[PDB]
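Included below are structure tokens for two forms of one protein chain, each presented in isolation as structure 1 and structure 2.
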Structure 1
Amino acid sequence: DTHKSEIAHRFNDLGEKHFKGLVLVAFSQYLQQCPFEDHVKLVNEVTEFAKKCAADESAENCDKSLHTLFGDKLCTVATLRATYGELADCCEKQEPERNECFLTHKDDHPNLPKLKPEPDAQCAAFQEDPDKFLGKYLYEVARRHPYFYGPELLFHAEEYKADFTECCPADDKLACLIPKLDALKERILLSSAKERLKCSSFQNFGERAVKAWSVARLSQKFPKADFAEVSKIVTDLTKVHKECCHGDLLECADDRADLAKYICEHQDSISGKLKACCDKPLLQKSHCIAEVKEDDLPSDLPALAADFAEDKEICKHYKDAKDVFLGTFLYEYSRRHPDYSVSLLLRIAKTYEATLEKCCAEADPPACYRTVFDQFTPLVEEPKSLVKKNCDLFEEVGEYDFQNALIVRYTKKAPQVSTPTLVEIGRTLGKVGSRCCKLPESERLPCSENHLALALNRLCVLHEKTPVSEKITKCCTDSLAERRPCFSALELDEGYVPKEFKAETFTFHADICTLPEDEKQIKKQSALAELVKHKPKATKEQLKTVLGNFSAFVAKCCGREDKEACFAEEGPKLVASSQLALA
């Protein structure tokens, strides 16, 4: 078989730490609400069985697929029906039905307590049992991010470990640690969103979309890599993420390490950016490769016209070599467009395709498609200008205000979406501005739009469980490449029924005062979303004014000796008048 004992195989390939680590992740992700130590128990159990199997691969049940095994193990959890009404059902199922059911049950918004950099308790529990602590952390993250890129989560566990290692004996324990952990969780959220997108793309669009994505993306990254090489990496990487996305984390990690190895063996024909990565220890390397910056364009990028616009037998290649020719196009076009977002590239590929599909059905395809690259211009311009308008706004207005505009913007598009989601999305989209907008300008488009894809996908993912808007559905389930334009193209449904006004929603209390700023913002942005839901027609500018008024009022009442009296005295008036200020 593919390996006598997949479990042994993986155990042997990954080694215990990573294997347990990934099993922990795998398990945490599948069974998100389970006590950490029950996951540890299961991981141990499975790891134990790994070890037995590694010792005797012909042992009873060592033959079983990883999933049967892990599904089996998960299905043994105590409170299975209790904790996971859904999952129990899954457990009656054989693989892969069972895994599929299990994945489906994966909760993308388990809304678990926020992992708070709690330096003392954490440093303590890390100093007590760094293994349990990192485990916990894998668990905490995995369960919060049921699709987090397993291997990556082990890598992040290292950073998490490295953070605590650096910061625990420091006198300045909080201020060594909180920013690291803050950054880590951000890196986590982003990585998570990245992997979520990958996984969503598999789920929702299939491997070919993931592939085309990865082609576009790895072409950008590895522009000096030949197509074959990109393709190879894409196939492998797709497999990696397919596995990971399917909770086949061991395979995923193992394949990933294979891939990293492969990439590092081939770094010279892949990218000079890999050298840094390929010098790194395993997880770092893989991480580094995953996150690798795009290589310099090779100075021998081929003119694309010749093959892709001018070549007379394009239709022929298009007909008998579609995937490849398009893949090639995508590769070629993407490697020379690190300045475009992947989805843009994919849209461009789709237009390229559509244009061949058009041109080749016509009388002189060549005269039709010779202008094929020219049809990319509008595809380019739209996101470029959206990125500009957004960076401009962002620049002008700053993250929170930008988030607010985004919250308004998305709440308008999708007012049925839960406030927290809307806030989350607009918040994340604002973090996109902050991330992307400050980048060298040619990086903002790919940045914004790539990151936008992450956040939309987040919304989409959320929308999967909690479908509230067909328009979201449509945007989420139509072309992944079009998803961002689709969302961008959303505006307010002049159908949507303003959410009934509930004063309390905008009623602030002094509790807000003790909130960290991001939570006060969230509270404001939540009210803001709510202001929008209630007054969908209210312009962002009215909303901004009103939120302004709310913020001021909050700021003021928080600064009052009697915070609550302030909120109590002044809130309702503002709540009432706010409404006047809207639609």
Structure 2
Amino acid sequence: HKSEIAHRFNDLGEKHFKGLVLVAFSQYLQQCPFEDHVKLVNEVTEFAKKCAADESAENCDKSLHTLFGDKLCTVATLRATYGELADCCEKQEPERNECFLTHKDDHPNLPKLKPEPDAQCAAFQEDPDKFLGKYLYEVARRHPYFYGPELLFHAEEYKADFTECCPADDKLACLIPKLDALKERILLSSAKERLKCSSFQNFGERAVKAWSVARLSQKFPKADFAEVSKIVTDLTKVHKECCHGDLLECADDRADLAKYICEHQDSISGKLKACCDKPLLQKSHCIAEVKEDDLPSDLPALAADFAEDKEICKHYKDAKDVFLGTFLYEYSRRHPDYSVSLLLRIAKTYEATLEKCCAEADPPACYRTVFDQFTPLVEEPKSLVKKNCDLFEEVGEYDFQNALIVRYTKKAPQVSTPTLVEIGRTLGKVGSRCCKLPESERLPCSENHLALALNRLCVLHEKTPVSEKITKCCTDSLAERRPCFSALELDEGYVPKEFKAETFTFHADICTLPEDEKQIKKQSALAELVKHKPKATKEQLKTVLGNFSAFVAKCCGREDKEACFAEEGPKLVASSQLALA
């Protein structure tokens, strides 16, 4: 292309071009204000228009990285606010772009997005474009690896809520649940896409391909190998581009990929009918979250080819990655009931068997029982899901969350209480989302969502490294992560935390808080109890936190609330030390 910026501007249209450019800038520069980002967008969009007029003009021949990166470096107060990104600005490309990605702050800890109905409806009415602009800006900076196109989709959902609710009767009760539901759907899409980007960063491109081969095979079992090969290759290119900042290239390839999938929807999946009769961004979102197609009756038996055949060791050694890819494709089609990580574990086990058996004297008899090696890999996570769902349905989300906070604070007591609480709470959501489902779907739901929860923990752990055991689980193997985390126990090497009185000191302010904010306060205390008494049984801790909850409920209903906390607080905390012995 003679001018790439004009090419993208022409293809994407002005609205999406502007939107995606804003997101791109908002992700790299979290701290800068909205007013500043708008002008950068405006300036770029103008330049793109100039190039679209005359492609052989001054600087129009330059690459997107060059143009975007130069514009990033013009920003006012860049060295003061972003010392890291100012060091990058001196470099040429691609070194400078590579520098920018390294220094994206994976968590800035900005204020939580509190919906303000009246003021937002006011801003929505006066200028809806600038209002959606703020949505893009605010979400993008809170999630530096969010997918541009998918974020544009959630902006239309966001807008749809404000059109339905601002002229309507009660502004609070209309928006609040819709913007809570939207924020839940924002967190999940962010988590899914952060796993893909983390997988490139930590494990490389082959790990993303393998995950994608497995997931897509499950979703499109009717699709032949060549169609899946196309989709994976192209989808991996889309994901690689979005993760490495190339949002304009990502949007173009994503749309082209969704276009291909729908042109060939007959032969790929019956479930794509609804998705293909929809507009651009809606269509792509539907394909990505499409339900798995029903099992074809004519799925081939695999023992003949992958277990019984006499020349497997020959076929493996010719093209290892091709033979395993095929196995993975075929074995994933026939198992929607397995999780993605389980299928990759099974594939790694299959590889390992061939590596071993094709060194031995009689290979066929060795690898003849290769499928039976999978049994223990399948049974472990099945009964872990049953055990956790049995517990979840007994005690509910709050106590299930508490059971996991205890479980993980023991595994990693050196990790910060806010992190431990967050991860434990997210793991408890897996209980809510998966245990209600039909029992066949529990395993894939659980482990796939655990991959999101655990990658989040691993991302936070890069930011604040603490435990060597977590580093190992997070970095040794993508497929073995969840089993690795499960295999952790309390290390005796941890020195029990010293009993500061202020750590378990509650006051009247808790009573005014909402339900989840009360819980987080108690759950922070729960984690602090495990840090002080590592060896306390989970059953001891449950007793003690019950006494905390009661104490909170009691003093919140007292005449003099603060007098109750001041009086009963120290008494509870003193007797709690003894009860955890």
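For numbering, take structure 1's sequence and count from 1. C-alpha atoms forming the largest set that superposes within 1.5 Å between two forms make up the rigid core.
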Item to check | Did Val380 shift 2 Å or more between the two structures, C-alpha, core superposed | outcome: no
Checklist entry - Taking the rigid core as the frame, does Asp172 move its C-alpha by 2 Å or more between the two structures? => result yes
Item to check | Rigid core superposed: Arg98 CA moves 2 Å or more between the two structures | outcome: yes
Item to check | Rigid core fit between the two structures: Cα deviation of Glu313 in angstrom | outcome: 1.8
Item to check | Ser341: CA movement between the two structures [superposed on rigid core, Å] | outcome: 0.7
